[PDB]
Number of protein chains: 2
Amino acid sequence: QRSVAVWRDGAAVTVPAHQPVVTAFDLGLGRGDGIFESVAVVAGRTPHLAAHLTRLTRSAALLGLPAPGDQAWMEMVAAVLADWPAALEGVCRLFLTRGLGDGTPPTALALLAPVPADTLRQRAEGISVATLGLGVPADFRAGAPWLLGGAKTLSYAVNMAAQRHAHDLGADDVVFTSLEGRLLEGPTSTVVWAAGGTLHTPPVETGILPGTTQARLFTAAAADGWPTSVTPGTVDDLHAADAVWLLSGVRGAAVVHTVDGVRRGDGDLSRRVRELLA
Amino acid sequence: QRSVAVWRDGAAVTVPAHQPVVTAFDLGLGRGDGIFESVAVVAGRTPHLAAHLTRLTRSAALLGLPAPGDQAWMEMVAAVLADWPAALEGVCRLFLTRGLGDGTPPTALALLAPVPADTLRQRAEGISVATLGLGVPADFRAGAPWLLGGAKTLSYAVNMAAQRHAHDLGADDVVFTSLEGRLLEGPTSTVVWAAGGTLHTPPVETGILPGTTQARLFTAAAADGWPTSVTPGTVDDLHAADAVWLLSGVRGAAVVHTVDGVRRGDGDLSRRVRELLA
Ligand SMILES: *Cc1c(COP(=O)(O)O)cnc(C)c1O
Ligand SMILES: *Cc1c(COP(=O)(O)O)cnc(C)c1O
Ligand SMILES: [Cl-]
Ligand SMILES: [Cl-]
């Protein structure tokens with residue numbers, strides 16, 4: 001079961017999930033010209049909705065998209081949650097597109113579906129990853145705002161193509177690397193690794209997305225006395241680590257048990273990461 | 001006036017242009033996971049449709065998208081052309097999306113609208129361009145098929161953001177450059193320049209789109225005795241040229257009269273380019 005709400009004349013309107021909602025001329029379809037958020041629905045609630053709404057505002061600023069505001073998104077989330085089963089974990093995505101062009105109103109909607117069994121299983125049992133190069137220097141995106149570094153966009157054909165290429169090798173997911181070999185991020189997730197008693201993540205100044213799940217782990221780790229660091233790591237760091245995870249709003253913490261075909265353990269560190277994220 | 005046809009149960013179905021046609025869960029919207037072609041409609045005909053359909057097949061191969069075949073696209077084009085005025089120049093776009101996922105059928109449609117007055121005016125009176133870096137080495141995409149070099153995709157948020165950044169400087173359009181400074185292409189067009197009595201264009205091995213308009217110019221130039229070359233040019237070549245154009249299916253030949261604020265003439269070469277493309 002799926003549910004959709006569209007923002008129409010200053011209100012959220014529920015529409016059947018199978019019914020078309022975007023026209024052929026919507027720039028979100030034709031040019032991938034829009035932004036999104038992926039929000040976890042757990043026990044019929046959105047525990048981290050505000051974190052996603054703040055970043056939605058930031059992505060929309062980067063693309064010069066007029067956003068309808070927090071109250072509008074909360075009305076749309078409420079509309080899709082109305083009849084959602086508490087026992088069924090969901091992914092609520094929020095889309096904002098440029099619409100028919102800058103002048104006509106942007107298209108805003110909410111769409112809710114179950115988290116699939118295979119994503120839940122990756123959370124339970126972990127993932128293999130392939131390292132793929134993005135071809136950009138680590139320092140380049142900071143000086144090239146047209147590359148939309150730091151924006152969560154609808155233009156993810158490359159993100160998905162990287163995952164299909166990894167699937168062809170036998171891997172579940174991807175860690176992107178800069179031209180120099182620096183770790184960037186996953187196509188839809190943030191890389192964290194444990195070494196020397198510290199939790200590490202790559203720096204945002206490389207033009208990656210600031211991940212909300214990573215930020216929440218780091219905040220909890222500080223309160224608990226687990227040191228954290230922003231570290232310009234390489235693939236060598238993932239092999240040498242005590243543990244590696246990909247973090248994201250919906251899948252959550254996926255332990256990385258294989259890097260480019262090199263199997264690795266987690267030093268029994270995943271338990272404390274999961275307790276902190278709970 | 002606009003017209004849309006959707007591919008439904010092995011036939012083209014005309015729908016009103018204002019009516020929604022894609023659901024919230026279409027991967028073409030949510031991930032920009034699809035390909036397109038932009039086809040000129042002139043005097044109620046598509047003079048170069050076959051060129052676009054061959055490349056559509058190539059883009060779909062790069063993204064692993066099952067394509068409905070030439071006959072299907074010609075039925076969809078015919079459907080949108082049915083009541084189109086011969087006196088009104090049009091842009092017919094063809095979209096193929098991954099649909100609800102690899103397993104459910106891809107979404108295919110055709111959408112036709114007038115070429116806007118401002119695009120026609122760029123064809124008539126020419127354009128200013130800004131040079132912007134893509135941050136990738138010229139040779140990188142050839143070894144990184146997940147970057148979808150050479151595919152005409154729906155994931156063009158960066159393409160459009162580059163144009164808005166150029167608009168902010170006072171420029172009409174963009175020429176992308178490799179990390180080394182090599183000319184790549186426009187966000188939606190192919191760069192050609194004249195120097196030493198030769199027509200030049202950048203090589204496709206840099207991961208650019210092979211442009212159909214550029215190819216057709218080069219073929220006609222050979223028949224007419226105007227030498228052509230694939231040349232790994234830089235921005236220096238555009239300043240030093242006798243003439244510069246951006247070429248594309250819909251806008252056609254747009255003479256570049258300004259590069260990064262440096263005004264330039266065309267050596268009265270545009271006339272022969274236009275005669276060859278006619
Ligand atoms: C969404 C996303 C993430 C993960 O961020 P969360 O806020 O933890 O969901 C990381 N990188 C990319 C590229 C993403 O799109
Ligand atoms: C469509 C397009 C072109 C132009 O190709 P034509 O076949 O001449 O329309 C060039 N570069 C990019 C990136 C394009 O999308
Ligand atoms: Cl996502
Ligand atoms: Cl285009």
# chains A, B, ... in the order shown; residues from 1 in each chain; ligands from 1
$ interface_residues --of "chain B" --to "chain A" --cutoff "6 Å" --atoms "only C-alpha atoms" --output "number ranges by chain"
B: 19-23, 28-33, 135-136, 146-147, 154-158, 161-162
$ select_by_dssp --residues "segment 63-201 of chain A" --states "alpha helix (DSSP H)" --output "PDB file with N, CA and C atoms, in the first residue's frame"
ATOM      1  N   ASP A  70       7.724  24.881   6.072  1.00  0.00           N
ATOM      2  CA  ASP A  70       7.627  23.723   7.003  1.00  0.00           C
ATOM      3  C   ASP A  70       6.170  23.286   7.203  1.00  0.00           C
ATOM      4  N   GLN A  71       5.252  24.223   7.433  1.00  0.00           N
ATOM      5  CA  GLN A  71       3.843  23.909   7.739  1.00  0.00           C
ATOM      6  C   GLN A  71       3.236  23.132   6.573  1.00  0.00           C
ATOM      7  N   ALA A  72       3.536  23.554   5.350  1.00  0.00           N
ATOM      8  CA  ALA A  72       3.022  22.874   4.134  1.00  0.00           C
ATOM      9  C   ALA A  72       3.525  21.423   4.109  1.00  0.00           C
ATOM     10  N   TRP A  73       4.830  21.197   4.291  1.00  0.00           N
ATOM     11  CA  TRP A  73       5.386  19.824   4.253  1.00  0.00           C
ATOM     12  C   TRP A  73       4.774  18.994   5.378  1.00  0.00           C
ATOM     13  N   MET A  74       4.569  19.560   6.576  1.00  0.00           N
ATOM     14  CA  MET A  74       4.001  18.783   7.696  1.00  0.00           C
ATOM     15  C   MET A  74       2.536  18.396   7.351  1.00  0.00           C
ATOM     16  N   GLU A  75       1.766  19.270   6.679  1.00  0.00           N
ATOM     17  CA  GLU A  75       0.374  18.973   6.228  1.00  0.00           C
ATOM     18  C   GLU A  75       0.416  17.826   5.203  1.00  0.00           C
ATOM     19  N   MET A  76       1.390  17.857   4.288  1.00  0.00           N
ATOM     20  CA  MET A  76       1.500  16.808   3.258  1.00  0.00           C
ATOM     21  C   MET A  76       1.878  15.459   3.913  1.00  0.00           C
ATOM     22  N   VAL A  77       2.817  15.442   4.846  1.00  0.00           N
ATOM     23  CA  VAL A  77       3.254  14.221   5.591  1.00  0.00           C
ATOM     24  C   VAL A  77       2.050  13.694   6.359  1.00  0.00           C
ATOM     25  N   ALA A  78       1.335  14.572   7.068  1.00  0.00           N
ATOM     26  CA  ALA A  78       0.119  14.190   7.831  1.00  0.00           C
ATOM     27  C   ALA A  78      -0.885  13.524   6.905  1.00  0.00           C
ATOM     28  N   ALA A  79      -1.075  14.066   5.697  1.00  0.00           N
ATOM     29  CA  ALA A  79      -2.053  13.546   4.728  1.00  0.00           C
ATOM     30  C   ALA A  79      -1.674  12.113   4.353  1.00  0.00           C
ATOM     31  N   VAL A  80      -0.402  11.852   4.039  1.00  0.00           N
ATOM     32  CA  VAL A  80      -0.017  10.477   3.607  1.00  0.00           C
ATOM     33  C   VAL A  80       0.020   9.514   4.808  1.00  0.00           C
ATOM     34  N   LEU A  81       0.254  10.000   6.031  1.00  0.00           N
ATOM     35  CA  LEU A  81       0.319   9.165   7.263  1.00  0.00           C
ATOM     36  C   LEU A  81      -1.090   8.770   7.733  1.00  0.00           C
ATOM     37  N   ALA A 117      11.595  -5.307   1.775  1.00  0.00           N
ATOM     38  CA  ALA A 117      12.234  -6.411   2.534  1.00  0.00           C
ATOM     39  C   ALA A 117      13.739  -6.432   2.281  1.00  0.00           C
ATOM     40  N   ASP A 118      14.197  -6.179   1.062  1.00  0.00           N
ATOM     41  CA  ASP A 118      15.659  -6.300   0.788  1.00  0.00           C
ATOM     42  C   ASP A 118      16.420  -5.176   1.518  1.00  0.00           C
ATOM     43  N   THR A 119      15.918  -3.933   1.557  1.00  0.00           N
ATOM     44  CA  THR A 119      16.514  -2.839   2.369  1.00  0.00           C
ATOM     45  C   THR A 119      16.515  -3.229   3.857  1.00  0.00           C
ATOM     46  N   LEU A 120      15.391  -3.720   4.408  1.00  0.00           N
ATOM     47  CA  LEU A 120      15.398  -4.161   5.810  1.00  0.00           C
ATOM     48  C   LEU A 120      16.474  -5.233   5.990  1.00  0.00           C
ATOM     49  N   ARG A 121      16.637  -6.145   5.037  1.00  0.00           N
ATOM     50  CA  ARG A 121      17.626  -7.232   5.223  1.00  0.00           C
ATOM     51  C   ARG A 121      19.059  -6.680   5.233  1.00  0.00           C
ATOM     52  N   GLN A 122      19.340  -5.667   4.418  1.00  0.00           N
ATOM     53  CA  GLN A 122      20.668  -4.979   4.420  1.00  0.00           C
ATOM     54  C   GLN A 122      20.920  -4.365   5.799  1.00  0.00           C
ATOM     55  N   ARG A 123      19.917  -3.737   6.382  1.00  0.00           N
ATOM     56  CA  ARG A 123      20.040  -3.218   7.767  1.00  0.00           C
ATOM     57  C   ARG A 123      20.378  -4.382   8.713  1.00  0.00           C
ATOM     58  N   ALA A 124      19.717  -5.531   8.565  1.00  0.00           N
ATOM     59  CA  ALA A 124      19.877  -6.682   9.502  1.00  0.00           C
ATOM     60  C   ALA A 124      21.256  -7.343   9.331  1.00  0.00           C
ATOM     61  N   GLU A 125      21.672  -7.581   8.083  1.00  0.00           N
ATOM     62  CA  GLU A 125      22.775  -8.530   7.764  1.00  0.00           C
ATOM     63  C   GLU A 125      23.950  -7.879   7.047  1.00  0.00           C
ATOM     64  N   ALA A 157      20.451  10.003 -11.954  1.00  0.00           N
ATOM     65  CA  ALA A 157      20.683   8.908 -12.915  1.00  0.00           C
ATOM     66  C   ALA A 157      22.066   8.298 -12.680  1.00  0.00           C
ATOM     67  N   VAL A 158      23.064   9.115 -12.409  1.00  0.00           N
ATOM     68  CA  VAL A 158      24.439   8.612 -12.180  1.00  0.00           C
ATOM     69  C   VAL A 158      24.495   7.797 -10.875  1.00  0.00           C
ATOM     70  N   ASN A 159      23.888   8.311  -9.823  1.00  0.00           N
ATOM     71  CA  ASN A 159      23.742   7.621  -8.518  1.00  0.00           C
ATOM     72  C   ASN A 159      23.199   6.212  -8.734  1.00  0.00           C
ATOM     73  N   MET A 160      22.134   6.072  -9.513  1.00  0.00           N
ATOM     74  CA  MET A 160      21.509   4.757  -9.769  1.00  0.00           C
ATOM     75  C   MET A 160      22.362   3.912 -10.719  1.00  0.00           C
ATOM     76  N   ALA A 161      22.957   4.496 -11.752  1.00  0.00           N
ATOM     77  CA  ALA A 161      23.825   3.769 -12.701  1.00  0.00           C
ATOM     78  C   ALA A 161      25.027   3.192 -11.950  1.00  0.00           C
ATOM     79  N   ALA A 162      25.577   3.932 -10.981  1.00  0.00           N
ATOM     80  CA  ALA A 162      26.728   3.459 -10.173  1.00  0.00           C
ATOM     81  C   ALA A 162      26.285   2.200  -9.424  1.00  0.00           C
ATOM     82  N   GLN A 163      25.092   2.230  -8.836  1.00  0.00           N
ATOM     83  CA  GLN A 163      24.587   1.057  -8.086  1.00  0.00           C
ATOM     84  C   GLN A 163      24.365  -0.130  -9.035  1.00  0.00           C
ATOM     85  N   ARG A 164      23.838   0.086 -10.239  1.00  0.00           N
ATOM     86  CA  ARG A 164      23.658  -1.061 -11.179  1.00  0.00           C
ATOM     87  C   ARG A 164      25.015  -1.627 -11.607  1.00  0.00           C
ATOM     88  N   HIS A 165      26.012  -0.770 -11.802  1.00  0.00           N
ATOM     89  CA  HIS A 165      27.390  -1.197 -12.143  1.00  0.00           C
ATOM     90  C   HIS A 165      27.949  -2.041 -10.995  1.00  0.00           C
ATOM     91  N   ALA A 166      27.774  -1.597  -9.751  1.00  0.00           N
ATOM     92  CA  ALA A 166      28.204  -2.361  -8.551  1.00  0.00           C
ATOM     93  C   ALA A 166      27.452  -3.708  -8.485  1.00  0.00           C
ATOM     94  N   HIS A 167      26.166  -3.721  -8.772  1.00  0.00           N
ATOM     95  CA  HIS A 167      25.341  -4.961  -8.778  1.00  0.00           C
ATOM     96  C   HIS A 167      25.916  -5.941  -9.798  1.00  0.00           C
ATOM     97  N   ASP A 168      26.301  -5.442 -10.974  1.00  0.00           N
ATOM     98  CA  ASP A 168      26.935  -6.274 -12.037  1.00  0.00           C
ATOM     99  C   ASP A 168      28.225  -6.954 -11.521  1.00  0.00           C
ATOM    100  N   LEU A 169      29.009  -6.320 -10.650  1.00  0.00           N
ATOM    101  CA  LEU A 169      30.254  -6.907 -10.051  1.00  0.00           C
ATOM    102  C   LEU A 169      29.930  -7.903  -8.946  1.00  0.00           C
TER     103      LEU A 169
END
$ atom_distance --atom1 "atom CA of residue 259 of chain B" --atom2 "atom CA of residue 129 of chain B"
5.2 Å
$ atom_distance --atom1 "atom CA of residue 53 of chain A" --atom2 "atom 7 (O, counted along the ligand's line) of ligand 1"
10.3 Å
$ residues_near_ligand --ligand "ligand 1" --cutoff "7 Å" --atoms "only C-alpha atoms and all ligand atoms" --output "VMD selection string"
chain A and resid 37 to 38 52 152 185 to 190 208 to 214 247 to 250
$ closest_residue --among "A:175, A:244, A:108, A:39" --to "ligand 3" --atoms "only C-alpha atoms and all ligand atoms"
A:39
$ residues_around --residues "residue 230 of chain B" --least-positions-apart "6" --cutoff "7 Å" --atoms "only C-alpha atoms" --output "list in words"
residues 200, 201, 202 and 203 of chain B
$ atom_distance --atom1 "atom CA of residue 58 of chain B" --atom2 "atom CA of residue 105 of chain B"
18.6 Å
$ residues_around --residues "residue 199 of chain B" --least-positions-apart "4" --cutoff "6 Å" --atoms "only C-alpha atoms" --output "ChimeraX atom specification"
/B:193-194,228
$ write_last_selection --atoms "N, CA and C atoms" --output "PDB file, in the first residue's frame"
ATOM      1  N   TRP B 193      33.604  25.468 -34.157  1.00  0.00           N
ATOM      2  CA  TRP B 193      34.312  26.729 -34.421  1.00  0.00           C
ATOM      3  C   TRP B 193      35.073  26.606 -35.730  1.00  0.00           C
ATOM      4  N   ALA B 194      35.271  27.754 -36.372  1.00  0.00           N
ATOM      5  CA  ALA B 194      35.977  27.849 -37.667  1.00  0.00           C
ATOM      6  C   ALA B 194      37.356  28.464 -37.425  1.00  0.00           C
ATOM      7  N   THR B 228      36.745  19.673 -42.486  1.00  0.00           N
ATOM      8  CA  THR B 228      36.294  19.483 -41.092  1.00  0.00           C
ATOM      9  C   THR B 228      37.374  18.776 -40.289  1.00  0.00           C
TER      10      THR B 228
END
$ select_by_dssp --residues "segment 78-249 of chain A" --states "strand (DSSP E or B)" --output "ChimeraX atom specification"
/A:90-97,102,104,107-114,127-133,153,173-177,182-183,190-195,198-201,228-230,234,243-248
$ closest_residue --among "B:227, B:88, B:243, B:65" --to "residue 104 of chain B" --atoms "only C-alpha atoms"
B:65
